[PDB]
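Okay, so here's the structure we're looking at.
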Amino acid sequence: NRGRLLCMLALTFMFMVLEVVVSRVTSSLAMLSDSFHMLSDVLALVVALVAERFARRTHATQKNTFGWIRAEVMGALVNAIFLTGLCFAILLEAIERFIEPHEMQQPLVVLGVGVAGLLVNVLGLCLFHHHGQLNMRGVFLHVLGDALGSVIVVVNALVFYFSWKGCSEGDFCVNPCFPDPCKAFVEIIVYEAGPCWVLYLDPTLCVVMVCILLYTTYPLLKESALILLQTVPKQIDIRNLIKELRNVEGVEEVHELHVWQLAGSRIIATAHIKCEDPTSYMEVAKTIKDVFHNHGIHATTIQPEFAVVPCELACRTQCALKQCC
Amino acid sequence: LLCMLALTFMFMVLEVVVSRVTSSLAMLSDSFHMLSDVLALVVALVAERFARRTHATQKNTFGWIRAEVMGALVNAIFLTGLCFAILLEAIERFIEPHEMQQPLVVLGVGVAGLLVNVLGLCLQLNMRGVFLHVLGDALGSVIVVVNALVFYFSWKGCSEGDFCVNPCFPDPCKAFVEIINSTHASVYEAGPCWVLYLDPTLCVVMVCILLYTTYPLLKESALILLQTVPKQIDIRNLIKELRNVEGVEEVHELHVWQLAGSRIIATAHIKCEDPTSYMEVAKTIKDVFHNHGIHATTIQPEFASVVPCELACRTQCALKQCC
Ligand SMILES: CC(C)CCC[C@@H](C)[C@H]1CC[C@H]2[C@@H]3CC=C4C[C@@H](OC(=O)CCC(=O)O)CC[C@]4(C)[C@H]3CC[C@]12C
Ligand SMILES: [Zn+2]
Ligand SMILES: [Zn+2]
Ligand SMILES: [Zn+2]
Ligand SMILES: [Zn+2]
Ligand SMILES: [Zn+2]
Ligand SMILES: [Zn+2]
Ligand SMILES: [Zn+2]
Ligand SMILES: [Zn+2]
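Heads up: the sequence lines are chains B and A, in that order. Quick note, the first sequence lines up with residues 7 to 137, 241 to 298, 305 to 422, 430 to 447 if you use the deposited numbering. Quick note, the second sequence lines up with residues 11 to 133, 242 to 422, 429 to 447 if you use the deposited numbering.
Here it is, written out as structure tokens:
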């Protein structure tokens, strides 16, 4: 399953190579800036790949009792947070550009690199649209946002090429809205085409792309936080399980019951319940195990308790604030 | 603290606005650090509010006590992302250098940042806890201050018609296509390489120091959050001590993880010998855990084969049941 990540990384490196070649042949720092921008996506792909590689190992090592299966969701959360930070930086840059306008040069090469990146991201997203792994969904969202930004840049460059006249101080081109550098040397001791309508196009496109990306990734962040913060997921309700356990004649009371998911469908519940007599403890244990298996529970550690007090067992002395919840 | 948090947030907003209006990479890094700090304060306040009346809500039986460490990790990751963005900006500045407008405004902003950083940890547990943070913030502000001072002290700019503009430095239409077309005033740039390189090198050093400082916190948060044994407990020694107990003969499904802080969770699965008694051994194993860092014990005993655990269900356990 790592082949998709590997080929995505290879495509990113190929894009880096073509972008740096274009920068060298055209002597434009904008291509280098674009390569640095795509380095964030390359890093996200590397994070996804290493997360998958560590998820491939579930041998219950010395330090990790459960195993590094949680690394998948943790890396998904890290990638989502990195995408959010990149969006915040992009929003700051967009605000600065709206305050301080800045055009672009060599629209042909810009369009070529933009459409190349758009094709790369489309190929990546089509392969990633096979959809269960939350990290895969996060990387898919990230790639979709990238693609949206790339196509927005392509459209902005194309519409800029359609109507805009460059100048070499021979003819007055920049509109009065755009501040000339040092008043063009006091006007050296046509007014172009599309003075300011095209100027607002790129900020609007990038901010709407950022908003769409944030709205699409917010459910991913919510799911990652809910699963990671040890909260009961859907299809499992504490009230229904408590009712289905209490009415069982084997148990007498239920207390200290904790339910947290491990990864995806892997969920573990711990119950500390009290029983009447040791006789037929398997009959009670088998019954409650079957009831839990009826719900989403498959693995659990249910502690029988034998005889007012909240729990027969407790921490040494009256020390508190160390017991769970 | 809340008023201090609001004041720091306002100062960070003004610093970000000033950096945007002046393209100051060092000021941008200082504002990023201030933003990270204010979000850390917001996360701490949210955690305190949540834990003020934390209970076993239907959403989480285990409680929301992990929110503090989770928010700390989110703040750390956000700071790392902003730092990588700043590093990319510094690389771009290496490719495309820029010259700042008003060094005096930058110097004033840096002085104000130093003052607010000093005032931060002055208000106790806070002083001892954040002395290192105050020192680091002071160093970061001082870096920006000295960079701005060096820029203002020696740089000579071609505000009017003069030849001091560096041809290697980008120029408007190549000095407006050599607008003067003659010998201009060779006021010189006063070592532009010595000058223009100061800000990017300074911000690179600052972000390197920031990552060096925040990295151990990131590893601590990652270890605490993802299910890992605490540094104060040895798994092999603990299980060897547990197996010494007469009641238990073998163990399976042994899991240890910690909620947050000093909270410890331990799960056991004991085959036992005589399930009828269950006395003088449950207390024994409870004491066995408690003499170690465990305080919350969930040691469920199995009652008696070839199968590791008799209680068990479908094969889905392979993909559902914990190892
Ligand atoms: C090029 C950019 C992206 C990063 C430039 C800085 C890194 C090369 C430095 C900054 C902090 C360094 C880390 C700081 C501390 C440690 C711990 C140390 O390794 C251990 O885990 C030993 C025990 C310990 O000291 O915690 C040495 C490697 C490492 C990860 C360092 C690896 C190199 C890092 C990431
Ligand atoms: Zn991306
Ligand atoms: Zn099952
Ligand atoms: Zn009890
Ligand atoms: Zn509890
Ligand atoms: Zn600070
Ligand atoms: Zn204890
Ligand atoms: Zn068993
Ligand atoms: Zn297990």
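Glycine included, C-beta positions come from ideal geometry on N, C-alpha and C.
A check of alpha carbon separations from residue 45(A) across 92(A), 405(A), 261(A) and 64(A) identifies 92(A) as the nearest. Cβ neighbours of residue 28(B) within its own chain (closer than 7 Å, five residues either side excluded): 37, 115 and 119. Annotation for residue 440(A) indicates a beta carbon at 7 Å or more from all heavy atoms of ligand 5. Assignment of beta strand (DSSP E) within the region 21 to 56 of chain A, counting only whole runs of 3 or more residues, yields no such run. Residue-level contact by beta carbon fails for residue 63(B) and chain A, as no gap is shorter than 8 Å.
When the beta-carbon positions are compared, residue 446(A) and residue 373(A) come within less than 8 Å of each other.
Among the CB atoms of chain B, one or more fall inside 8 Å of the CB of residue 415(A). Boundaries of the alpha helix (DSSP H) harbouring residue 312(A): 310 to 314, taken from the DSSP string. The C-beta of residue 20(A) has fewer than 16 other C-beta atoms within 10 Å across all chains shown, which makes the residue exposed.
Under the Cβ criterion (8 Å, minimum of three pairs), the region 376 to 396 of chain B counts as touching the region 388 to 397 of chain A. Residues with their Cβ less than 6 Å from any non-hydrogen atom of ligand 8, running along the chain, are 370(A), 387(A), 420(A), 433(A), 434(A) and 435(A). Taking the C-beta atoms as reference points, residue 344(B) is found no nearer than 8 Å to residue 76(B).
Judged by beta-carbon spacing, residue 363(B) lies within the 8 Å limit of residue 403(B), meaning their Cβ atoms are closer than that value.
In its chain, beyond the 5 residues on either side, 60, 61, 63, 64 and 67 have a beta carbon closer than 8 Å to the beta carbon of residue 74(B). Legend: CB atoms of the region 358 to 374 of chain B lying less than 8 Å from CB atoms of chain A belong to residues 371, 372, 373 and 374.
With a beta-carbon spacing of about 6 Å, residue 244(B) and residue 57(B) fall inside the 8 Å limit used to define contacts. The C-beta of residue 440(B) comes no closer than 8 Å to any C-beta of chain A. Counting along the chain, residue 93(B) sits inside the alpha helix (DSSP H) bounded by residues 77 to 105. Residues of the same chain with a CB within less than 6 Å of the CB of residue 422(A), apart from the 5 flanking positions on each side, are 389 in chain order. With its beta carbon less than 8 Å from one in chain A, residue 71(B) belongs to the interface. Residues of the region 382 to 398 of chain A with a C-beta less than 9 Å from any C-beta of chain B: 382, 383, 385, 386, 387, 393, 394, 395, 396 and 397, listed in chain order. For residue 329(A), the CB falls within less than 7 Å of some heavy atom of ligand 1.
Neighbours of residue 105(B) in chain A, taken as residues at a C-beta separation under 7 Å, are given in chain order as 30. Against chain B, the beta carbon of residue 294(A) has neighbours under 7 Å at 278, 293, 294 and 297, listed in chain order. Any heavy atom of ligand 6 within less than 6 Å of a residue's beta carbon puts that residue on the list, which reads 43(A), 47(A), 251(A) and 255(A).
CA-CA distance, residue 301(A) to residue 283(A), rounds to 13 Å. For residue 335(B), no CB of chain A lies under 8 Å from its own CB, so it is not counted at the interface with that chain. Neighbours of residue 346(B) in chain A, taken as residues whose beta carbon is under 7 Å from its own, are 69 and 70 in chain order. Shown here, residue 408(A) sits in a helix according to DSSP, grouped into three states. Counting only Cβ-Cβ distances below 8 Å, residue 102(B) has contacts in chain A at 30, in chain order.
For residue 376(A), the nearest beta carbon of chain B is not closer than 8 Å to its own beta carbon.
With contacts defined as CB atoms closer than 8 Å, residue 276(A) and residue 305(A) qualify as a contacting pair. Secondary structure at residue 318(A): helix, using DSSP grouped into helix, strand and coil.
One thing to note: residue 124(B) has its Cβ no nearer than 8 Å to the Cβ of residue 268(B).
CA-CA distance, residue 335(A) to residue 86(A), rounds to 8 Å.
In this structure residue 127(A) does not touch residue 320(A) by the C-beta definition: roughly 17 Å separates them, more than the 8 Å allowed.
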